[PDB]
Amino acid sequence: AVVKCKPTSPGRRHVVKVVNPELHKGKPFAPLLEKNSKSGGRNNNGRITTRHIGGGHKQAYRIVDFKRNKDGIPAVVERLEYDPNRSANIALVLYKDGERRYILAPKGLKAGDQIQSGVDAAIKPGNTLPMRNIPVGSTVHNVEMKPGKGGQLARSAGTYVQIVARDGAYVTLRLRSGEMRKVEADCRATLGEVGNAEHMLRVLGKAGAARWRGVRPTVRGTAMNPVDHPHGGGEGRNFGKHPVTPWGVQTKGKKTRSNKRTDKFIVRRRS
RNA sequence: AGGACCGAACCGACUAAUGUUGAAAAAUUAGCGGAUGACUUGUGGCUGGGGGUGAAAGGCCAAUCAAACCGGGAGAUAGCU
RNA sequence: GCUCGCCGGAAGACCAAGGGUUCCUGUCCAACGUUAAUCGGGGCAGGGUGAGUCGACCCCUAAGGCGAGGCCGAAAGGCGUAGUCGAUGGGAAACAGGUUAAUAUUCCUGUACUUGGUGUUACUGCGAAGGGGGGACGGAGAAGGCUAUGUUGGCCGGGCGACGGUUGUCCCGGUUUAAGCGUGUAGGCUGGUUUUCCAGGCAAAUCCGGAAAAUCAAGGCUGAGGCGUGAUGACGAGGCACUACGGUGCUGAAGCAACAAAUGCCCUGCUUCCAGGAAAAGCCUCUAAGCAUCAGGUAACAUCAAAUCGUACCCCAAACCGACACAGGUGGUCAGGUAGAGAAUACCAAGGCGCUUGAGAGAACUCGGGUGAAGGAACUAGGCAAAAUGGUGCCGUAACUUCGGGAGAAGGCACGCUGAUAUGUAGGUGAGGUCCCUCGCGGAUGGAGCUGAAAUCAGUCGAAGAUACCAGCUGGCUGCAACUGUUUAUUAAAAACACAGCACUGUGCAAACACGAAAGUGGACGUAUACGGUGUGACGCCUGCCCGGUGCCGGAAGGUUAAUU
RNA sequence: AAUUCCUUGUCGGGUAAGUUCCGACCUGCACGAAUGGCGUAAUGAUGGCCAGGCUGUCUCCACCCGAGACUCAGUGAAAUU
RNA sequence: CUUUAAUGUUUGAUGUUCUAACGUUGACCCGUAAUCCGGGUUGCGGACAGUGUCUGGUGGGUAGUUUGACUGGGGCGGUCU
């Protein structure tokens, strides 16, 4: 739910929280936990490869099952849980055989509801079926791109994919980015939209909030002496050159897609 | 409840005087700021020189930084002293 | 040796790190000590560090490192699998007292305990590089229940006062006692027991998980403290003989209660919040492959073993880092008394010091401070500095405002001591006693004693009652930046850098991008409500005209145009 | 105007007297709308200005307490030449 | 030997399709009590992609260098036969 904190302090006038009581107010399922130590934007060589990353709050990894290959065995939702490693919330489900697993939580899922995977599953939100058996004009999430590896698209808070057509062993999709992609007509997809849609209306409010997320401050570059950045310096605020990345790339329109390996599944890239 | 309030430890270093072959190759005294947090601290670890890191000052990288230090090319070259 | 003065959340005591004999004793004084030196952290010699329980080694791992093969790479070599190292973390066990010139939870006395090996006996399904469980973990807040400890009283011993008073509501001191064993409370959590079935846990499983029934509601786990035991002991103020006044054997009284009470224990708890909170082993269970009048397991007793290294001393400092016996720097632990909100401040206790040149004189001038006639910022670049303000409670409190603030706005009154209300109140604590009982560390009743505010009235001293130390100057107009923050270690803390927010743009995942000759890694065990880059910089009303130029994104008819031919 | 050369712009405010400050005027040498424009409560060891209190800051110094200076003893440097 | 159409042959351009090269940071099995690697099976792509040699364009991202002299100081201007 949406709620705006009160201006009891400078640092709360603009903070906005996304609260939800349905989430489990307790410890998570340990057997599905894994240590996730932070890196800091560095690599095996120790060099900062991705800037603006460091610190943040400790996190343990919740092993999520994006494949959903347990077919013909229904599961009941035990409880909704909070996962820091992603924006959407997850759901601990209990299979009839006694095995529990985590999944992404669709829009209107609850605790106690049932879901089933496979080719003979029902057409309801939260179910997983190969897109071959999904009608056209439907809406799915956690879409696979190659059969067997697991969902890779529409995994975020409120991201959904819409199926537009089915030509052969392929199907055409419009992703949340407006792009029009095609994938094999056997890649499993999960019905419904990921439910955290109020995650975008959130407001951190203060700088320290972004630092809890493991984010580090962003220094522009215009105040970065010429040795450090192309924009560099100058007496005052000159900036009389083209906007450019560090390492010299435009950043203001220049397209940088150079795959040329797929180059078949793209139809309506965007805009 | 709070990057909330006063204020010690703790962390800093705004003003002044002293000191300036100093007690000290940046301190002392008197006041000053933050003080549940983008806080602070111990231990150990990673990043190596046209590179690192940098809430960015051309700042820091062993009292040394507009390209560290040791050795070597090297008895560089010096129409200048 | 008698005094004086200083620290006393240390300038005291115990450690890590680091140093490595500076420790103790004897002896010496050239040099070292900023002076002398009989002294010394100096020289010389001798002596000193005693562990099954402390720590390390050892078992388990974190970040990370190395890395058989392997992948990649002109060579060197780089990345990395299985694995192996790696604490700053997890993992069995000792307390008190006494003792040496110098060591001790290490020696001695007493009382305990833990993990293993072997053997006898009795009863036996044992077994893993595997499965599960557990270990296992955040921040803040909230009390309650205890203790450490302290105060008073009582008890015991001593004392009757260098000057008035002092046999009394007088004065001084002591009033300590552990681990462990046993008891299982305050209290926290969880519903238990039995039978059957099952796509799960890489196969199996009596374990875990899941489903279905009957049957009982009481079963259990965890748990500070207290009590008892340990303890007819030990220690003990002080005695009595030795007594070189350097010191020894024996003896040694009381050894209770109440109140207050922690930041520490119950508490790895409870409650609540988002930023959602290590791993692995030991340990508890499950069985497989396997072994069965075996081997092995369990239980009791018995016996043996528990090695090796460190252990002195300093450790906010003269012993470590600073070239010095240097106003510096240095992590953790113990945290008394009076007043106080307090770990501030003042004065003190234990204890430890007076800072390794002194003596005198009492000029200018300098430094650090104290007071000041009248005037009161006339000083000065500038109220620089200094002076001033300063506490609790009550009344009261502006424009403006994002309605939270502004605000401790401003400003005003009252603060002592004594007595009474009340021979010490309200409150808090709570014994005996009575009653109850599942007879217990119980519940109720009961209120002794202890403890003790705050206010009112009255009276009273002083120039002055927040009397010391401690301890906001205030207000008004205004620029810039929203704010908290960050920065030029060592002349610049700012209007700069960050910032939440906004926008443009790129990126469909083997993502863009970045580090890399490459492999590969990061981004991310993420997937456009995401990530990267750029600029702007809370919020609020808004963000206008121009695509010629440069760049970017697109597009076509033609022209020009590389290697090649 | 953190931007205004001319310039102490002009008027008014405040002062006995105000190149600074405040508020208006516009002739903006050379503001201007996310290298953002105009406002903005709160905040700030921020810049500037005016008041009350306060004072040895000053008129104008005076006296006093201590540490040095001075003298004796012991030890015993330095820049410079 | 001036000339043009169905075939054979030839190479060259486009188009559709296939799989055997190649790719696979898809699935499963084994080495193997191993998310590396390799092998195998299968699927998806598929002669594209990608790499090598050559070549055009772009290229302060990174380098090595240049940027004169006279001169009533230098610069500016002017001059240099």
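The figures that follow rest on heavy atoms only: side chains count, while hydrogens, waters and symmetry mates do not. Order of the sequence lines sets the chain letters (A, B, ...), proteins ahead of strands, with each chain counted from 1.
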Reckon [X] touches a base, only the sugar-phosphate, or nothing at all at heavy-atom distances under 4.0 Å?
X	answer
A:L201	nothing
A:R62	sugar-phosphate
A:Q250	sugar-phosphate
A:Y61	base
A:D186	nothing
A:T245	sugar-phosphate
A:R181	sugar-phosphate
A:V194	nothing
A:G41	sugar-phosphate
A:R176	base
A:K149	sugar-phosphate
A:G46	sugar-phosphate
A:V249	nothing
A:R12	sugar-phosphate

Please name the nucleotide paired to [N] by Watson-Crick or G-U wobble geometry with both distances under 3.5 Å, or report none.
N	answer
C:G396	none
B:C69	none
D:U43	C:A481
D:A69	none
E:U41	E:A27
C:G165	none
C:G472	none
C:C439	none

Nearest to the [X] side chain among [options], which nucleotide is it?
X	options	result
A:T159	C:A528, C:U534, C:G277	C:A528
A:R216	B:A55, C:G276, C:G522	B:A55
A:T8	B:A1, C:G522, D:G36	B:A1
A:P217	C:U534, B:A38, C:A199	B:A38
A:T251	C:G277, C:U534, C:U507	C:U534
A:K252	C:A278, B:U53, C:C504	C:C504
A:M224	B:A56, E:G45, C:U507	B:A56
A:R47	C:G516, C:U529, C:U521	C:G516

Do any side-chain nitrogens or oxygens of [X] fall under 4.0 Å of OP1 or OP2 in [N]?
X	N	answer
A:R211	C:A275	no
A:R13	C:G501	no
A:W212	B:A38	yes
A:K58	C:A278	no
A:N225	B:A66	no
A:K67	E:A27	yes
A:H52	C:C531	no
A:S9	B:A1	no
A:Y82	C:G276	yes
A:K254	C:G533	no
A:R86	C:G526	yes
A:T50	C:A514	no
A:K206	B:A38	yes

(request) Determine the interatomic distance between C1' on C:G322 and the same-named atom on C:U27; round to the nearest Å. (result)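 Taking atom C1' in both C:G322 and C:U27, they lie 36 Å apart.
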(message) Checking A:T251 against A:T245: is there a side-chain donor and acceptor pair closer than 3.5 Å?
(response)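 Short answer, no.
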(request) Any chance you could measure A:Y160, atom OH, to A:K107, atom NZ, to the nearest 0.5 Å? (result)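 With rounding to 0.5 Å, OH (A:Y160) is 11.0 Å from NZ (A:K107).
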(request) Report yes or no: do A:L92 and A:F66 belong to one cluster of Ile/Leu/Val/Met/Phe/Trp/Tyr joined by side chain heavy-atom distances under 4.5 Å? (result)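 A:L92 clusters together with A:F66.
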(request) Quick one: look at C1'-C2'-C3'-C4' in C:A377 and give me north (positive) or south (negative). (result)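 South pucker for C:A377.
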(message) Are more than 12 heavy atoms, taken from residues, nucleotides or ligands other than A:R132, located less than 6.0 Å from that residue's CZ atom?
(response)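 Yes, CZ of A:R132 has more than 12 neighbouring heavy atoms, counting only those of other groups under 6.0 Å.
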